[PDB]
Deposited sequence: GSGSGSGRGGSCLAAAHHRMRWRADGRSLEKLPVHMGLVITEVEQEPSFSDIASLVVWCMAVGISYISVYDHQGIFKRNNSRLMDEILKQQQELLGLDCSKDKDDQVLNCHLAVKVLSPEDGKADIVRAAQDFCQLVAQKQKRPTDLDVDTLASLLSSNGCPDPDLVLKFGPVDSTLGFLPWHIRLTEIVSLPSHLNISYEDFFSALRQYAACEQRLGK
């Protein structure tokens, strides 16, 4: 029953903020030889515990994409610890995406190929591709855009993380994901909650 209290506290923490991200990206700019899946998994579990719907894990080298099973294994491990495997497995796969560079520019090019194929089949017109239609066409589909990205490590760059989708993402930088603490994670959430979004007005 102590797990119900922990869930209650994390829910209260997320609810207490002026706003919460619906979709968070975690951009690791420096992955070590033995990747720290336990630190990444804890970040993911904290997001889900505070109430964030979607989490995208990203590194430029595709290490997490090529170690997807180990990552989810560690996420599920820490999801049970201090917080029906099939429902738990399904819910993490719905909420958690592991991304690599090809999910950015290469996917926009994929969408452009698909749309131009319809043009060549006389089924669509070049003027039919506006901003909103292209967004529908990307493999993001109905998933909301990332509103907050936590960028870890020494590289001052998004390193190809979903360029189309980060038009308005707040980018908060921390020095390391290694031995990352809940307080440090939550302080990043407080920064995002206090940010002012004017949308051009």
| field | Ranges missing from the model, given as deposited sequence positions | value | 1 to 12, 96 to 101
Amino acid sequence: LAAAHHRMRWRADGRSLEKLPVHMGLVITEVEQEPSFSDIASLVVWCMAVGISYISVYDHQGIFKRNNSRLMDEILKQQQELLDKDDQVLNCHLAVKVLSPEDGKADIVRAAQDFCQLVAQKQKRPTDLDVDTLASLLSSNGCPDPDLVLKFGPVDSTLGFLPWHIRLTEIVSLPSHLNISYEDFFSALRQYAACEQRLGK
From here on, numbers count along this sequence of modelled residues.
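C-alpha atoms forming the largest set that superposes within 1.5 Å between two forms make up the rigid core.
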| field | Between 58 to 66 and 136 to 144, larger RMS Cα displacement in 6 other deposited structures of this protein after core fit | value | 136 to 144
| task | Select between 47 to 55 and 128 to 136 the stretch whose C-alpha atoms have the higher average B-factor in the entry. | result | 128 to 136
| request: Could you settle it for me: does 66 to 74 or 137 to 145 have the higher average Cα B factor in the PDB entry? | output: 137 to 145
| task | Among 38, 158, 173, 33, single out the one with the highest C-alpha B factor in the record, please. | result | 33
| task | Ordered by C-alpha B-factor within the chain, which third holds residue 3? Give me lowest, middle or highest, please. | result | highest
| task | Select lowest, middle or highest to describe the third in which the CA B-factor of residue 116 falls within its chain in this entry. | result | highest
| request: Consider only the C-alpha atoms of the modelled residues in this chain, order them by B-factor as the entry records it, and name the third containing residue 109: lowest, middle or highest. | output: middle
| query | Taking the entry's C-alpha B-factors for this chain, is residue 99 in the lowest, middle or highest third? | reply | lowest
